[PDB]
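> Just one file: run.txt, with compact mmCIF, C-alpha atoms.
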```txt
# COMPACT_ATOMS: atom_id res chain seq x y z
CA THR S 240 -22.30 -27.46 7.09
CA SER S 241 -19.29 -28.13 4.86
CA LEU S 242 -19.39 -31.51 3.15
CA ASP S 243 -16.25 -33.67 3.25
CA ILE S 244 -14.89 -36.84 1.63
CA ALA S 245 -11.75 -38.18 3.34
CA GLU S 246 -9.70 -41.25 2.41
CA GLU S 247 -6.22 -42.76 2.33
CA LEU S 248 -4.81 -43.96 -0.99
CA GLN S 249 -1.75 -46.16 -1.55
CA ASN S 250 0.27 -46.93 -4.62
CA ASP S 251 1.84 -50.25 -5.57
CA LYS S 252 5.07 -49.32 -3.72
CA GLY S 253 3.29 -48.50 -0.42
CA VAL S 254 3.46 -44.70 -0.61
CA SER S 255 0.34 -43.46 1.24
CA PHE S 256 -1.53 -40.19 0.81
CA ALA S 257 -4.48 -38.87 2.70
CA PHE S 258 -6.97 -36.61 0.90
CA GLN S 259 -9.85 -34.50 2.12
CA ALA S 260 -12.23 -33.15 -0.51
CA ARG S 261 -14.40 -30.33 0.92
CA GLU S 262 -17.41 -28.60 -0.62
CA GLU S 263 -18.66 -25.29 0.90
CA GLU S 264 -21.45 -22.92 -0.07
CA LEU S 265 -20.82 -19.18 -0.01
CA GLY S 266 -24.08 -17.58 -1.11
CA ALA S 267 -24.07 -17.71 -4.90
CA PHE S 268 -20.59 -19.28 -4.87
CA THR S 269 -19.46 -22.84 -4.22
CA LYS S 270 -15.91 -23.56 -3.14
CA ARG S 271 -14.36 -27.00 -3.60
CA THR S 272 -11.01 -27.68 -1.91
CA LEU S 273 -8.72 -30.66 -2.23
CA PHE S 274 -6.40 -31.11 0.80
CA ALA S 275 -3.54 -33.59 0.37
CA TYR S 276 -1.05 -35.01 2.90
CA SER S 277 1.82 -37.53 2.68
CA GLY S 278 4.86 -38.18 4.88
CA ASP S 279 6.48 -40.11 2.07
CA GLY S 280 8.60 -39.02 -0.90
CA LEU S 281 7.81 -39.54 -4.63
CA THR S 282 10.27 -40.09 -7.50
CA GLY S 283 7.51 -39.98 -9.99
CA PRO S 284 3.74 -39.77 -10.33
CA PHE S 285 1.56 -41.19 -7.60
CA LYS S 286 -1.00 -43.62 -9.04
CA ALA S 287 -3.68 -45.29 -6.89
CA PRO S 288 -7.34 -46.32 -7.05
CA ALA S 289 -9.65 -43.69 -5.57
CA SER S 290 -13.24 -44.04 -4.34
CA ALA S 291 -16.06 -43.28 -6.73
CA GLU S 292 -16.97 -40.32 -4.51
CA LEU S 293 -13.44 -38.80 -4.54
CA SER S 294 -13.17 -39.48 -8.28
CA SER S 295 -16.43 -37.63 -8.91
CA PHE S 296 -15.28 -34.64 -6.85
CA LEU S 297 -11.91 -34.60 -8.71
CA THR S 298 -13.58 -34.70 -12.12
CA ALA S 299 -15.75 -31.63 -11.37
CA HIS S 300 -12.90 -29.09 -11.50
CA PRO S 301 -13.24 -26.58 -14.39
CA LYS S 302 -9.69 -27.42 -15.51
CA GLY S 303 -10.30 -31.17 -15.21
CA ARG S 304 -7.43 -31.51 -12.74
CA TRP S 305 -6.00 -29.93 -9.55
CA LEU S 306 -2.78 -27.88 -9.62
CA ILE S 307 -1.51 -28.15 -6.04
CA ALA S 308 1.47 -26.54 -4.24
CA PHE S 309 3.43 -28.54 -1.70
CA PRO S 310 6.40 -27.21 0.29
CA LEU S 311 9.05 -28.73 -2.03
CA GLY S 312 7.29 -28.88 -5.42
CA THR S 313 4.07 -28.76 -7.44
CA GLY S 314 1.56 -31.55 -8.23
CA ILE S 315 -1.32 -31.98 -10.65
CA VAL S 316 -3.98 -34.42 -9.48
CA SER S 317 -6.31 -36.04 -12.02
CA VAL S 318 -8.50 -39.11 -12.19
CA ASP S 319 -9.33 -41.53 -14.98
CA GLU S 320 -11.74 -44.47 -14.45
CA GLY S 321 -11.32 -44.32 -10.70
CA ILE S 322 -7.51 -44.23 -10.76
CA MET S 323 -5.83 -41.08 -9.40
CA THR S 324 -2.65 -39.87 -11.00
CA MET S 325 -0.70 -37.06 -9.31
CA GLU S 326 2.10 -35.88 -11.58
CA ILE S 327 4.89 -33.88 -9.90
CA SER S 328 7.19 -31.06 -11.01
CA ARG S 329 10.26 -32.59 -9.41
CA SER S 330 11.02 -35.60 -7.28
CA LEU S 331 9.88 -34.85 -3.72
CA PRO S 332 11.98 -36.17 -0.84
CA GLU S 333 8.94 -35.47 1.34
CA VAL S 334 5.52 -34.45 0.05
CA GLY S 335 4.08 -32.71 3.15
CA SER S 336 0.70 -30.99 2.90
CA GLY S 337 -1.01 -28.63 0.49
CA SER S 338 -4.37 -27.64 -0.91
CA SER S 339 -5.93 -26.60 -4.19
CA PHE S 340 -9.41 -25.06 -4.59
CA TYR S 341 -11.71 -23.35 -7.02
CA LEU S 342 -14.79 -21.20 -6.59
CA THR S 343 -17.56 -20.94 -9.06
CA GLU S 344 -20.85 -19.05 -9.33
CA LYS G 239 -17.40 -17.35 15.06
CA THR G 240 -17.10 -16.99 11.29
CA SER G 241 -18.15 -13.31 11.33
CA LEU G 242 -17.81 -12.64 7.58
CA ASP G 243 -17.56 -14.93 4.54
CA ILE G 244 -17.94 -13.12 1.21
CA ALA G 245 -17.10 -14.15 -2.29
CA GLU G 246 -16.88 -12.12 -5.49
CA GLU G 247 -15.70 -12.57 -9.10
CA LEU G 248 -13.35 -9.82 -10.37
CA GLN G 249 -12.24 -9.24 -13.91
CA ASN G 250 -9.63 -6.95 -15.44
CA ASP G 251 -9.99 -5.02 -18.71
CA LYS G 252 -8.58 -7.94 -20.77
CA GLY G 253 -10.88 -10.67 -19.51
CA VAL G 254 -8.70 -12.32 -16.88
CA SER G 255 -11.04 -13.32 -14.06
CA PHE G 256 -10.44 -14.26 -10.41
CA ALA G 257 -12.74 -15.52 -7.71
CA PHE G 258 -11.95 -14.07 -4.28
CA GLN G 259 -13.26 -15.13 -0.89
CA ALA G 260 -12.74 -13.03 2.21
CA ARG G 261 -13.26 -14.77 5.57
CA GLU G 262 -13.15 -13.31 9.03
CA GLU G 263 -13.09 -15.58 12.09
CA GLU G 264 -13.10 -14.94 15.82
CA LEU G 265 -10.80 -17.18 17.84
CA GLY G 266 -11.11 -16.10 21.45
CA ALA G 267 -8.80 -13.12 21.87
CA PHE G 268 -7.72 -13.38 18.20
CA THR G 269 -9.31 -12.48 14.93
CA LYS G 270 -8.19 -14.18 11.74
CA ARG G 271 -8.76 -12.71 8.31
CA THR G 272 -8.14 -14.89 5.23
CA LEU G 273 -8.13 -13.92 1.56
CA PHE G 274 -8.59 -16.85 -0.83
CA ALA G 275 -7.86 -16.33 -4.55
CA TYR G 276 -8.51 -18.55 -7.60
CA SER G 277 -8.02 -18.08 -11.32
CA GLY G 278 -7.89 -20.53 -14.18
CA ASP G 279 -6.28 -17.85 -16.33
CA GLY G 280 -2.70 -16.76 -16.77
CA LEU G 281 -1.32 -13.32 -15.93
CA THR G 282 1.35 -11.56 -17.84
CA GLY G 283 1.53 -8.54 -15.49
CA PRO G 284 -0.42 -6.98 -12.61
CA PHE G 285 -4.11 -7.80 -12.26
CA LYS G 286 -6.20 -4.62 -11.84
CA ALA G 287 -9.96 -4.85 -11.31
CA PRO G 288 -12.82 -3.06 -9.52
CA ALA G 289 -13.85 -4.63 -6.20
CA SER G 290 -16.97 -4.24 -4.09
CA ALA G 291 -16.97 -1.77 -1.26
CA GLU G 292 -17.18 -4.67 1.20
CA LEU G 293 -14.21 -6.54 -0.26
CA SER G 294 -12.25 -3.30 -0.51
CA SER G 295 -12.85 -2.60 3.20
CA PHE G 296 -11.64 -6.10 4.04
CA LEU G 297 -8.48 -5.71 1.89
CA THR G 298 -7.57 -2.38 3.52
CA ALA G 299 -7.65 -3.82 7.10
CA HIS G 300 -4.39 -5.81 6.85
CA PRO G 301 -1.55 -4.62 9.16
CA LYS G 302 0.83 -4.55 6.19
CA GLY G 303 -1.71 -2.76 3.99
CA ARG G 304 -1.55 -5.51 1.39
CA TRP G 305 -1.71 -9.30 1.12
CA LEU G 306 1.36 -11.37 0.21
CA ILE G 307 -0.02 -14.53 -1.39
CA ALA G 308 1.62 -17.72 -2.65
CA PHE G 309 0.36 -19.45 -5.79
CA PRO G 310 1.77 -22.66 -7.20
CA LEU G 311 3.97 -20.98 -9.84
CA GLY G 312 4.72 -17.58 -8.24
CA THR G 313 3.89 -14.95 -5.65
CA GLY G 314 1.41 -12.05 -5.61
CA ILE G 315 0.76 -8.97 -3.51
CA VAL G 316 -2.87 -7.86 -3.41
CA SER G 317 -3.77 -4.30 -2.51
CA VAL G 318 -6.71 -1.94 -3.00
CA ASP G 319 -7.01 1.81 -3.66
CA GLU G 320 -10.45 3.45 -3.82
CA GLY G 321 -12.19 0.26 -4.86
CA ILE G 322 -9.60 -0.83 -7.44
CA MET G 323 -7.65 -4.03 -6.58
CA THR G 324 -4.12 -4.38 -7.87
CA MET G 325 -2.34 -7.72 -7.58
CA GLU G 326 1.31 -7.41 -8.57
CA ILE G 327 3.11 -10.66 -9.45
CA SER G 328 6.66 -12.00 -9.07
CA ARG G 329 6.83 -13.53 -12.58
CA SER G 330 4.54 -13.98 -15.52
CA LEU G 331 2.16 -16.89 -14.73
CA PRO G 332 0.93 -19.19 -17.48
CA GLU G 333 -1.72 -20.26 -14.98
CA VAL G 334 -2.49 -18.68 -11.61
CA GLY G 335 -4.26 -21.52 -9.73
CA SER G 336 -5.30 -20.99 -6.11
CA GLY G 337 -3.78 -19.68 -2.91
CA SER G 338 -4.50 -17.89 0.33
CA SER G 339 -3.08 -15.21 2.59
CA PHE G 340 -4.12 -14.59 6.20
CA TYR G 341 -3.17 -12.81 9.33
CA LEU G 342 -4.06 -13.15 13.00
CA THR G 343 -4.29 -10.23 15.37
CA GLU G 344 -5.27 -9.55 18.97
CA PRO D 237 -23.03 -28.46 14.20
CA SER D 238 -19.30 -27.66 13.78
CA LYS D 239 -16.60 -30.18 12.84
CA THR D 240 -14.01 -28.11 14.73
CA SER D 241 -13.01 -29.81 18.00
CA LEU D 242 -10.05 -27.55 18.86
CA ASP D 243 -9.24 -24.03 17.77
CA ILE D 244 -6.60 -22.12 19.71
CA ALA D 245 -4.39 -19.17 18.98
CA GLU D 246 -1.42 -17.51 20.61
CA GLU D 247 1.35 -15.02 19.94
CA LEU D 248 4.98 -16.10 20.41
CA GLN D 249 7.96 -13.78 20.54
CA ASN D 250 11.69 -14.47 20.39
CA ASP D 251 14.48 -12.66 22.31
CA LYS D 252 14.87 -10.20 19.40
CA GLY D 253 11.19 -9.22 19.39
CA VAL D 254 10.23 -11.08 16.20
CA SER D 255 6.61 -12.10 16.75
CA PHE D 256 4.45 -14.82 15.27
CA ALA D 257 0.85 -15.72 15.69
CA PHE D 258 0.00 -19.43 15.61
CA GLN D 259 -3.38 -21.13 15.37
CA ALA D 260 -3.79 -24.85 16.09
CA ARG D 261 -6.97 -26.41 14.75
CA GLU D 262 -8.40 -29.92 14.97
CA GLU D 263 -11.27 -30.92 12.64
CA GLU D 264 -13.20 -34.16 12.95
CA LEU D 265 -14.06 -35.48 9.47
CA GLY D 266 -15.59 -38.82 10.39
CA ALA D 267 -13.10 -41.66 10.06
CA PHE D 268 -10.37 -39.03 9.63
CA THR D 269 -9.19 -36.18 11.76
CA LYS D 270 -7.26 -33.20 10.39
CA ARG D 271 -4.85 -31.20 12.52
CA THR D 272 -3.62 -27.88 11.08
CA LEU D 273 -1.01 -25.40 12.25
CA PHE D 274 -1.45 -21.88 10.84
CA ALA D 275 1.46 -19.42 11.21
CA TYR D 276 1.66 -15.67 10.53
CA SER D 277 4.36 -13.04 10.98
CA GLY D 278 4.84 -9.61 9.45
CA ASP D 279 8.49 -9.78 10.44
CA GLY D 280 11.49 -11.18 8.70
CA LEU D 281 13.62 -13.99 10.07
CA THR D 282 17.31 -14.29 9.64
CA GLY D 283 17.61 -17.68 11.32
CA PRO D 284 15.60 -20.10 13.45
CA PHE D 285 12.78 -18.64 15.50
CA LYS D 286 12.85 -19.81 19.13
CA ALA D 287 10.14 -18.88 21.63
CA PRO D 288 8.29 -20.36 24.58
CA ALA D 289 4.93 -21.93 23.77
CA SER D 290 1.92 -22.73 25.98
CA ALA D 291 1.44 -26.24 27.34
CA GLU D 292 -1.59 -26.66 25.07
CA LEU D 293 0.22 -25.53 21.92
CA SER D 294 3.24 -27.64 22.83
CA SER D 295 1.06 -30.74 23.18
CA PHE D 296 -0.51 -30.02 19.79
CA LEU D 297 2.92 -29.52 18.16
CA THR D 298 4.27 -32.77 19.56
CA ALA D 299 1.42 -34.97 18.25
CA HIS D 300 2.44 -34.90 14.57
CA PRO D 301 3.44 -38.23 13.02
CA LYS D 302 6.72 -36.66 11.82
CA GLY D 303 7.35 -35.02 15.21
CA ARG D 304 7.53 -31.61 13.48
CA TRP D 305 5.62 -29.44 10.97
CA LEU D 306 7.00 -28.77 7.47
CA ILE D 307 5.42 -25.46 6.45
CA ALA D 308 5.49 -23.41 3.25
CA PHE D 309 5.60 -19.65 3.35
CA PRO D 310 5.59 -17.39 0.29
CA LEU D 311 9.38 -16.89 0.27
CA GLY D 312 10.72 -20.09 1.85
CA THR D 313 10.08 -23.17 3.97
CA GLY D 314 10.06 -23.77 7.72
CA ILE D 315 10.06 -26.73 10.08
CA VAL D 316 8.29 -26.15 13.39
CA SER D 317 9.12 -28.34 16.41
CA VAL D 318 8.80 -28.10 20.18
CA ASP D 319 11.05 -29.31 22.99
CA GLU D 320 10.21 -28.81 26.65
CA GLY D 321 7.71 -26.07 25.72
CA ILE D 322 10.17 -24.13 23.55
CA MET D 323 9.22 -23.83 19.85
CA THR D 324 11.97 -23.86 17.26
CA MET D 325 11.12 -23.01 13.66
CA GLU D 326 14.10 -23.65 11.35
CA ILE D 327 14.05 -21.97 7.94
CA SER D 328 15.34 -22.87 4.50
CA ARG D 329 16.73 -19.39 3.71
CA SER D 330 16.71 -15.99 5.38
CA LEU D 331 13.22 -14.48 4.93
CA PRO D 332 12.92 -10.75 4.50
CA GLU D 333 9.25 -11.26 5.36
CA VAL D 334 7.59 -14.44 6.63
CA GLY D 335 3.92 -13.90 5.72
CA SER D 336 1.45 -16.73 6.30
CA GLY D 337 1.22 -20.46 5.70
CA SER D 338 -0.19 -23.67 7.08
CA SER D 339 0.84 -27.24 7.67
CA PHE D 340 -1.59 -30.14 8.32
CA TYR D 341 -1.90 -33.84 8.53
CA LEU D 342 -4.80 -36.25 8.26
CA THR D 343 -5.03 -39.35 10.39
CA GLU D 344 -7.44 -42.31 10.66
```
Output the file's structure as structure tokens, nothing else.


Amino acid sequence: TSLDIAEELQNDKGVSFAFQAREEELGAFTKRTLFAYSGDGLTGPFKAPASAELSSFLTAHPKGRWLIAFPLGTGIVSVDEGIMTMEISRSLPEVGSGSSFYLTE
Amino acid sequence: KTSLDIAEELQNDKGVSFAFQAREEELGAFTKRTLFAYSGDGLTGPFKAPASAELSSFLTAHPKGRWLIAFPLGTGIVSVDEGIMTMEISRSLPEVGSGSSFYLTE
Amino acid sequence: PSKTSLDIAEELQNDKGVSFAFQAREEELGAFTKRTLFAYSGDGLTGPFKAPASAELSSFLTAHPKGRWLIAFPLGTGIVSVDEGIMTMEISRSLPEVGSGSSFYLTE
């Protein structure tokens, strides 16, 4: 019943992230959740080509980007011409997992 | 198995608005209740807003009587009293973002 | 049809009577599978939480590509591992209250 996009992205240094983008209907409301996982660390922003389908999901957020909490820091995921950038609040020795959603009527 | 899944938009007297979802799930001997919260706004202080009777009933059921909830930039505690939600916050938030709080019980 | 292929839940308790509820969930999302550990306690924790876990939960806990589960709670961070059916959750700081959080990974 939920609709999911799932894919693994990699940057030019071989850091890998997996993302799941979920859409759910809750009567008059729709909820869209981005789930993100990496075992790697990041010094700086993660930049990688994303599918057209993930890019379209990412663009739909009312803020135009996805503020996301991980265990050791905060990210903001955006997309421009099919390239994801996730900026980070601090260097992350390990990213771990987190999720960011919105609901709209 | 998902026994309840309601969603509601709440707004305080100064136009800050939140979407809340309340989900109840049955997991064999366990029940799980999850509160999801989203706002694109900031909060300077506690968020106080009228809630539906159904959401209010859900919010009251928690064994702690309130819902400790992590957001990206700070922490909230959501409670309800006669249909009025209060969410107190750990620090002023220039943007709230999303988070969730759940418990499991037998 | 559900995408949930495993959904189990159990209460664990240490020798001091701190109690946690854990839920282990597997979701099949096509080429990818997600495995999530959910953890809840109304208690505080002064130090690592150690408690026996079921065979099924222990198998789930072991499967992670890191061999353990980094998990964010509202007031601090934990790492959940299992060894011979004993869970240990180490914590980043003493927690006057644990609350809830979840840790997942996605695998192809």

> Could you check which of G:341, G:296, G:274, G:309 is closest to residue 308 in chain D, using all atoms listed in the file?

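Using all atoms listed in the file, residue 308 in chain D sits closest to G:309.
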
> Give as a PyMOL selection string the set of residues within 7 Å of the point (-4.5, -26.2, -9.0), where distances use the file's coordinates and all atoms listed in the file.

(chain S and resi 305-307+315+339-340) or (chain G and resi 335-336)

> Which residues of chain S sit at most 12 Å from chain G, using all atoms listed in the file? Give each one's shortest atom pair and distance in Å (one decimal place), in chain and ascending residue order, as a Markdown table.


```
| residue | atom | partner | partner_atom | distance |
| --- | --- | --- | --- | --- |
| S:263 | CA | G:243 | CA | 11.0 |
| S:264 | CA | G:243 | CA | 10.0 |
| S:265 | CA | G:245 | CA | 6.7 |
| S:266 | CA | G:245 | CA | 7.9 |
| S:267 | CA | G:245 | CA | 8.3 |
| S:268 | CA | G:245 | CA | 6.7 |
| S:269 | CA | G:245 | CA | 9.2 |
| S:270 | CA | G:259 | CA | 9.1 |
| S:271 | CA | G:276 | CA | 11.0 |
| S:272 | CA | G:336 | CA | 9.7 |
| S:273 | CA | G:336 | CA | 11.0 |
| S:300 | CA | G:278 | CA | 10.3 |
| S:301 | CA | G:278 | CA | 8.1 |
| S:302 | CA | G:278 | CA | 7.2 |
| S:303 | CA | G:278 | CA | 11.0 |
| S:304 | CA | G:335 | CA | 10.9 |
| S:305 | CA | G:335 | CA | 8.6 |
| S:306 | CA | G:335 | CA | 6.5 |
| S:307 | CA | G:310 | CA | 6.5 |
| S:308 | CA | G:310 | CA | 4.9 |
| S:309 | CA | G:310 | CA | 8.2 |
| S:310 | CA | G:310 | CA | 9.9 |
| S:311 | CA | G:310 | CA | 10.8 |
| S:312 | CA | G:310 | CA | 8.5 |
| S:313 | CA | G:310 | CA | 6.5 |
| S:314 | CA | G:310 | CA | 9.0 |
| S:315 | CA | G:310 | CA | 10.4 |
| S:327 | CA | G:310 | CA | 12.0 |
| S:328 | CA | G:311 | CA | 10.6 |
| S:337 | CA | G:337 | CA | 10.0 |
| S:338 | CA | G:337 | CA | 8.2 |
| S:339 | CA | G:336 | CA | 6.0 |
| S:340 | CA | G:336 | CA | 6.0 |
| S:341 | CA | G:276 | CA | 5.8 |
| S:342 | CA | G:257 | CA | 6.1 |
| S:343 | CA | G:257 | CA | 7.4 |
| S:344 | CA | G:247 | CA | 8.3 |
```

> Taking 3 positions as the minimum chain separation for residues in the same chain, which residues sit within 9 Å of residue 319 in chain G when counting all atoms listed in the file? Answer as a PDB file with C-alpha atoms, in the coordinates of the input.


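Result went into around_34.pdb, see below:
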```
ATOM      1  CA  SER G 294     -12.250  -3.300  -0.510  1.00  0.00           C
ATOM      2  CA  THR G 298      -7.570  -2.380   3.520  1.00  0.00           C
ATOM      3  CA  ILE G 322      -9.600  -0.830  -7.440  1.00  0.00           C
ATOM      4  CA  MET G 323      -7.650  -4.030  -6.580  1.00  0.00           C
ATOM      5  CA  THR G 324      -4.120  -4.380  -7.870  1.00  0.00           C
TER       6      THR G 324
END
```

> Show me which bits of chain D are within 8 Å of chain S, counting all atoms listed in the file, as an mmCIF file with C-alpha atoms, in the coordinates of the input.


```cif
data_model
loop_
_atom_site.group_PDB
_atom_site.id
_atom_site.type_symbol
_atom_site.label_atom_id
_atom_site.label_comp_id
_atom_site.auth_asym_id
_atom_site.auth_seq_id
_atom_site.Cartn_x
_atom_site.Cartn_y
_atom_site.Cartn_z
ATOM 1 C CA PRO D 237 -23.030 -28.460 14.200
ATOM 2 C CA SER D 238 -19.300 -27.660 13.780
ATOM 3 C CA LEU D 265 -14.060 -35.480 9.470
ATOM 4 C CA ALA D 267 -13.100 -41.660 10.060
ATOM 5 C CA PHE D 268 -10.370 -39.030 9.630
ATOM 6 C CA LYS D 302 6.720 -36.660 11.820
ATOM 7 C CA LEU D 306 7.000 -28.770 7.470
ATOM 8 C CA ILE D 307 5.420 -25.460 6.450
ATOM 9 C CA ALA D 308 5.490 -23.410 3.250
ATOM 10 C CA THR D 313 10.080 -23.170 3.970
ATOM 11 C CA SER D 339 0.840 -27.240 7.670
ATOM 12 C CA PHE D 340 -1.590 -30.140 8.320
ATOM 13 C CA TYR D 341 -1.900 -33.840 8.530
ATOM 14 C CA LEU D 342 -4.800 -36.250 8.260
ATOM 15 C CA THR D 343 -5.030 -39.350 10.390
#
```

> Please, what distance in Å, to one decimal, runs between CA of residue 309 in chain D and CA of residue 315 in chain G?

13.6 Å

> Could you tell me, as a ChimeraX atom specification, which residues have any atom at most 9 Å from (-12.1, -29.4, 14.9), counting all atoms listed in the file?

/D:238-243,261-265,269-271

> Kindly determine which residues of chain D lie within 7 Å of chain G, considering only C-alpha atoms, and give the answer as a list in words.

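Filtering chain D at 7 Å from chain G with only C-alpha atoms gives residues 244, 245, 257, 276, 310, 335 and 336 of chain D.
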
> Given the choices D:305, D:274, D:296, D:285, which gets closest to residue 249 in chain D if the distance is worked out from all atoms listed in the file?

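Going through D:305, D:274, D:296, D:285 one by one, the smallest distance to residue 249 in chain D is for D:285.
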
> Report, in Å to a single decimal, how far apart CA of residue 285 in chain S and CA of residue 248 in chain S are.

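These two atoms are separated by 9.6 Å.
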
> In Å, with one decimal, what is the gap from CA of residue 329 in chain D to CA of residue 282 in chain D?

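About the pair CA of residue 329 in chain D and CA of residue 282 in chain D: they are 7.8 Å apart.
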